[PDB]
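Peer 1: Shown below is the structure under consideration.
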Amino acid sequence: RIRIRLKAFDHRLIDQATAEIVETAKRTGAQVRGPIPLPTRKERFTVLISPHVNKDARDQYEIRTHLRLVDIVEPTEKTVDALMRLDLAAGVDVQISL
Amino acid sequence: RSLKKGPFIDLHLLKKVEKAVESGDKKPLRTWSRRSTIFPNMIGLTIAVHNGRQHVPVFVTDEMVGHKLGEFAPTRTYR
Amino acid sequence: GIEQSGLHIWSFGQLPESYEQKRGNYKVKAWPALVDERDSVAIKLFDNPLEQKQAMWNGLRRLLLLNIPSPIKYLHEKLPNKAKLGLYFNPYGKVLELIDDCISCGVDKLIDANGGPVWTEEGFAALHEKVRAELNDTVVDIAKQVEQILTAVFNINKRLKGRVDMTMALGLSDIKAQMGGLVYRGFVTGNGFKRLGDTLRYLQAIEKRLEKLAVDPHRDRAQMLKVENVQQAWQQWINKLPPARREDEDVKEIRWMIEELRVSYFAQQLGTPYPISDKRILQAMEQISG
Amino acid sequence: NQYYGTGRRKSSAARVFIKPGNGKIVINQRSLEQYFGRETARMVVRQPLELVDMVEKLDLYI
Amino acid sequence: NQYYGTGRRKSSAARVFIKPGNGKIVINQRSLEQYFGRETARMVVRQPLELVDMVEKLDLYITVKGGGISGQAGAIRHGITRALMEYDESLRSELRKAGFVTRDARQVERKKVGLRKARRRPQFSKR
RNA sequence: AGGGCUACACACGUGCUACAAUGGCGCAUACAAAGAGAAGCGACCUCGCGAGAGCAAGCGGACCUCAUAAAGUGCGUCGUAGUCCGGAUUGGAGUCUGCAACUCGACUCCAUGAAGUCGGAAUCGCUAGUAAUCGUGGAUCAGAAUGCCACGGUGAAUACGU
């Protein structure tokens, strides 16, 4: 009922984010649906490494954007007042859809 | 082939053409806008279109009006 | 055999109000009614006059819509297509079932205006000729009002979905709950003709919540605490009643009392049919606790 | 949904009862303005709420 | 009480359910002669069942997802050769001896930079 | 501001499409992966033969959209004919983008119908999901790919030996 979505570039960091969210949710509420993982936005780049010549000399990079969902079932004012102002994670952002 | 909604002309070329044809043919009109389309009000008139260095004079007959100004002025000179 | 199946035309005459037989010393009573089969109508016996009335009501709706010469396709053809796109605002998608529900909301409105379900073929014909002559064109109001309530659903949806904040999300969760309570599968026949205007008033209150919500959560927070406390009172009171008293109508108006209370909190430019406060909801509930 | 706290000092005892609210406080059936006249006492009664920013989230019967 | 297996192949994976029966096969709520019977690989799906005993005495509801036609068929094959694991090593040994328990490791691999495809290098000229 | 970078008696490089019957065409029909999308992808409905146009949701996206994958299979047909091959080129008329498409876009409708019937000296790539062949997406980019980078379908032959 409260769809909690996390996007990061670091899977480790977003696990410490999800652990905090789900643990506070279990602590002051009930019925979490776990840290739902979704397919990573695996975004592909390739560029040239020589400034003038050598079409065949390239480099390849990627972005691994990691997705998470939590989906709290009971939107009780207590647990949402706890889950707010306390996520505070560095390299994630949050979606709180209904 | 182009915009259906309005065959194109340059605005200043349109107003020059009107002030020429309503006052009568008296001087060959020099211009740069090759992007413009020839209209039936231009028939019988003498234009001097820029090809990059000079202006080629063109006289406007009946069947000019289905074509543009830029086709009648070669800018690449091949011997 | 009065109780049959596969029935499509009221040839029953004066349908029995009750069925009675005798076995030795003692009698046996029953209540015969119609039954909807989604393909045809049947007649089955029942042991309670109220649920007999509900079953005969449903079978009468099916028999009536079968006996009327194509009101369904008539309204499909004659209905405005902009209104049909308003129906296509449906999150469920299907529009034909929505028109089925709105025609049903015409049918019960006309039966209530004519005086309820009757047992006789003469009453059947008297209601049937009039619902033929009038059903094809009274449901234009129902269709356009479902169009308007779907425009309200459209606007509230475009407010709820998107970039949302948790101070907003406290209010949006309750708005979602109100949306689920009001609009659902066949909501027009769910609430009935008498409440269609009142639902538009409810969505006007839902609209008027959001301007105060976006400028101050705290006043909205306190008023939603008031609504929350009467709502949990509603739950804990209606869940201890006897099961018939969990489904009767006189216990059913208290949800609409709560919605009128929501109107009286959030949008007083629109008004309520009668003055309402939390004291009035509580005097209602301990008045009808029985 | 009534929760309990107690507070004892030198020869003193206070009972406090928690409600969700808007920021009203009543002590001994009078307001805190007609009660404590010293502003640091107002500070020490508000400072637990002001520490964890529930200052207008709730009401409290004390 | 149901024989189960899961097989995989190139871009494909299959879930197979088997029970004691009398010969029926159902692929994605359709028949094998409808789904492979008009083209190749209609026999790789059945052949381990004829090699093992009890060829008629079972019937099976199978499904497969992903990959092409032959990849789906090979996924079915590996799924069945697994799914008879309730029948023990007494026939699992000869099944591996025929070489059917091994998951196929071949996958289509990546295009490289400076290459038209997998290994085909564009034409080298002028020496 | 316009022209030029896009010229043209020619020579070379790398590719695309063919010279067809293991196929051309019509109908029906089954199976993928991966990626993109807010000045964006853009359902459905309606118009047109179509490019597209009107209306217009859903989607910041395992939801919606791009998106019908195509070679594959079953039928009918062609019948070895420069032939129902190939489509160059050219004429008329349009669709979109963009202030604007002549120099100098791309795409669609009709008509046309080259050369080309497997290519000398020579020469390239490839050891297994590889070669070969069939489509799909992306970046760049308003519009612009036979280019480049990815994705999957079917799926080889041969390796005695130095």
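Heads up: the protein sequence lines correspond to chains A, B, C, D and E, in order. All residue numbers for the first sequence refer to full-length UniProt numbering, where the first residue is 5 and numbers rise by one. All residue numbers for the second sequence refer to full-length UniProt numbering, where the first residue is 3 and numbers rise by one. All residue numbers for the third sequence refer to full-length UniProt numbering, where the first residue is 1011 and numbers rise by one. All residue numbers for the fourth sequence refer to full-length UniProt numbering, where the first residue is 4 and numbers rise by one. All residue numbers for the fifth sequence refer to full-length UniProt numbering, where the first residue is 4 and numbers rise by one. The beta-carbon is built from N, C-alpha and C at its ideal position, and this holds for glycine as well.
1) By the 7 Å beta-carbon criterion, what residues does the segment 46 to 61 of chain D contribute toward chain C?
2) From the DSSP output, read off the bridge partner residues of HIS70 of chain A.
3) State the start and end residues of the unbroken beta strand (DSSP E) segment that holds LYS1039 of chain C.
4) Under 8 Å Cβ to Cβ from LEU71 of chain A, same chain only, skipping five residues before and after it: list those, please.
5) Which runs of the alpha helix (DSSP H) at least 4 residues long sit entirely within the segment 6 to 37 of chain B? Give them in chain order.
6) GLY117 of chain E touches chain A at which residues, Cβ-Cβ below 9 Å?
7) Is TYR64 of chain D helix, strand or coil when you go by DSSP?
8) DSSP beta-bridge partners for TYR1029 of chain C?
9) Here's the rule I'm using: 16 or more other beta-carbon atoms within 10 Å means buried, otherwise exposed. How should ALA1153 of chain C be labelled?
10) For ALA1052 of chain C, which residues in chain D fall below 9 Å Cβ to Cβ?
11) Which of the three DSSP states is assigned to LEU52 of chain A in this structure?
12) Closer than 7 Å by C-beta to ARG1169 of chain C: which residues in its own chain qualify, once you throw out the five before and the five after it? Chain order, please.
13) Please state if the CB of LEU1137 of chain C and the CB of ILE1121 of chain C are separated by a distance shorter than 8 Å.
14) Decide yes or no for the touch test of the segment 38 to 47 of chain D against the segment 58 to 74 of chain A: beta carbon pairs closer than 8 Å, at least 3 of them.
15) Quick check: the segment 75 to 85 of chain A against the segment 46 to 66 of chain A, are there 3 or more CB pairs under 8 Å?
16) Just curious, the beta strand (DSSP E) that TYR90 of chain E is in, first and last residue?
17) Within 10 Å of its beta-carbon, does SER1183 of chain C have 16 or more other beta-carbons around it, so buried, or fewer, so exposed?
18) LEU1170 of chain C lies in the alpha helix (DSSP H); which residues open and close that run?
19) Rounded to the nearest angstrom, what separates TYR1102 of chain C and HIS81 of chain E at their Cα positions?
20) Do you know how far the Cα of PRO1253 of chain C is from the Cα of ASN1201 of chain C?
21) Would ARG12 of chain E be called buried (16 or more neighbouring beta carbons within 10 Å of its own) or exposed?
22) Hey, quick one: how far does the alpha helix (DSSP H) through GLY1200 of chain C stretch, first residue to last?
23) Which chain C residues sit within Cβ distance under 8 Å of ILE100 of chain A?
24) In chain order, what residues of the same chain lie with their CB nearer than 7 Å to the CB of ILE1216 of chain C, ignoring the 5 residues before and after it?
25) Thinking C-beta only, is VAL1051 of chain C closer than 8 Å to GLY1069 of chain C?
26) Quick check on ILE49 of chain B: does DSSP put it in helix, strand or coil?
27) Pull up the CB-CB distance for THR1209 of chain C and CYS1115 of chain C, whole angstroms please, since I reckon it's below 8 Å.
28) Counting pairs of beta carbons, one from the segment 1251 to 1265 of chain C and one from the segment 1277 to 1285 of chain C, are three or more of them closer than 8 Å?
29) Just how far apart, CA to CA, sit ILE21 of chain E and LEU61 of chain E?
30) Along the chain, where does the alpha helix (DSSP H) containing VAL1117 of chain C start, and where does it finish?
31) Between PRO1059 of chain C and the rest of its own chain, which residues show a CB-CB distance below 7 Å, the 5 nearest in sequence each way excluded?
32) Can you give the Cα-Cα distance for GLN1031 of chain C and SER1299 of chain C, rounded to whole angstroms?
33) Can you tell me whether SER38 of chain B is buried or exposed, with buried defined as 16 or more other CB within 10 angstroms of its CB?
34) Against chain D, which members of the segment 1228 to 1245 of chain C pass a CB distance test of less than 7 Å?
35) Can you give me the C-alpha to C-alpha distance between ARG1033 of chain C and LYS1039 of chain C, rounded to a whole angstrom?
36) Looking at C-beta atoms only, is the number of pairs between the segment 45 to 65 of chain D and the segment 18 to 34 of chain D that lie closer than 8 Å three or more?
Peer 2: Put simply:
1) Answer set for the segment 46 to 61 of chain D: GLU59.
2) Beta-bridge pairing links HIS70 of chain A to A:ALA12.
3) 1036 to 1046
4) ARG9, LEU10, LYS11, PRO41, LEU42, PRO43, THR44 and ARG45
5) 13 to 23
6) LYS59, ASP60, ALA61 and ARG62
7) strand
8) C:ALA1040
9) Buried: at least 16 other Cβ atoms inside 10 Å.
10) Here the premise fails: no neighbours, minimum Cβ distance about 51 Å.
11) strand
12) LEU1220
13) Contact flag set, yes.
14) Short answer: they don't touch.
15) no
16) Counted as a single uninterrupted DSSP element, the stretch harbouring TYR90 of chain E is not any beta strand (DSSP E), since DSSP gives it neither H nor E.
17) buried
18) Counting along the chain, the unbroken alpha helix (DSSP H) around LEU1170 of chain C starts and ends at 1131 to 1170.
19) 41 Å
20) 21 Å
21) Taking all protein chains in view, the Cβ of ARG12 of chain E is crowded by 16 or more other Cβ atoms within 10 Å, so the residue is classified as buried.
22) Per DSSP, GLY1200 of chain C belongs to the alpha helix (DSSP H) from 1197 to 1201.
23) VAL1174, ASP1175, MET1176 and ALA1179
24) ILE1166, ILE1185 and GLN1188
25) yes
26) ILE49 of chain B: strand per DSSP, three-state reduction.
27) A Cβ-Cβ distance of about 12 Å is found for the pair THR1209 of chain C and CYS1115 of chain C, leaving them out of contact under the 8 Å criterion.
28) no
29) 7 Å
30) 1106 to 1124
31) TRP1041
32) 38 Å
33) buried
34) Along the segment 1228 to 1245 of chain C, the positions whose C-beta sits under 7 Å from a C-beta of chain D are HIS1228, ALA1232 and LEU1235, read in chain order.
35) 11 Å
36) yes
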